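Encoded as structure tokens, the following chain is the form deposited in one PDB entry, with no partner shown.
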């Protein structure tokens, strides 16, 4: 998260830190959010061989009693996910068991097409600058939903599928490590951090949750 501020600890209790393993080599990291006691939502590009979810975290580098660490038992990557464009960058993760509801750990269950112009908030543990390490602490930033034309330079960007996020005149943006995290508008999850420019210049591209709601509903009803 670039240009943001440290979250009040545990103020965003749905936030999930994902550690994604592949055999031998080092693991990779993403964000996510708990939408049901045993389901986390995140980006499809965060998939891998096995995933561990940490809930209840603020400083992710220091274990504490609020933490709940759960193994993923099933990954539901959107079946139309395309790596060249990152279209349909959305995945549901089924956890091995239910999380406990505490002050630090809670769900953000879903309650319309969100138009350009509103202010929204995104949180994550990603880099705080192009060459910065991942953030020890959960950060958040307030970002403007832009007209889809503000994302024209990503030729494959599709307003029906994706949100264009972050006033290009500012430095505020989600960045590497924030992928999978939720964009909340008036308290409702409306986007998922997907990708942006290598130089971190906003806007970045988020998956538009509204388009995928039927698919999400389908996976939840059957699992």
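Rigid core here is just the name for the largest C-alpha set that superposes within 1.5 Å across the two forms. Residue numbers count along the first chain shown, from 1.
- In at least one third of the other compared structures of this protein with flanking residues present, residue 173 is left unmodelled.
- Gap check for residue 79 to residue 80: zero deposited residues are absent from the model.
- Stretch comparison (68 to 76 versus 85 to 93) by mean CA B-factor in the PDB entry places 68 to 76 on top.
- As the entry records it, the average C-alpha temperature factor is higher for 102 to 110, out of 139 to 147 and 102 to 110.
- Out of 197, 45, 170, 155, it is 170 whose C-alpha atom has the highest B-factor in the PDB entry.
- Considering 41, 186, 53, 161 together, the PDB entry gives 186 the largest C-alpha B factor.
- Ranked by C-alpha B-factor against the other modelled residues of its chain, residue 27 falls in the highest third.
- Sorting the modelled residues of the chain by their CA temperature factor places residue 132 in the middle third.
- The PDB entry assigns residue 203 a C-alpha temperature factor belonging to the lowest third of its chain's modelled residues.
- Remark: residue 176 belongs to the middle third of its chain, ranked by C-alpha B-factor as recorded.
The form deposited in another entry exists for this protein as well; it is not shown, and the discussion that follows is about that form.
- No residue in 127, 77, 121, 87 other than 127 shows a CA shift of 2 angstroms or more between this form and the one not shown after fitting the rigid core.
- Taking the rigid core as fixed, one finds a CA shift for residue 25 of 2 Å or more between this form and the one not shown.
- A decrease of at least 3 Å in the separation of the C-alpha atoms of residue 181 and residue 128 is found in that other deposited form, compared with the displayed form.
- The gap between the Cα atoms of residue 54 and residue 127 is smaller in that other deposited form, by no less than 3 Å, than in this form.
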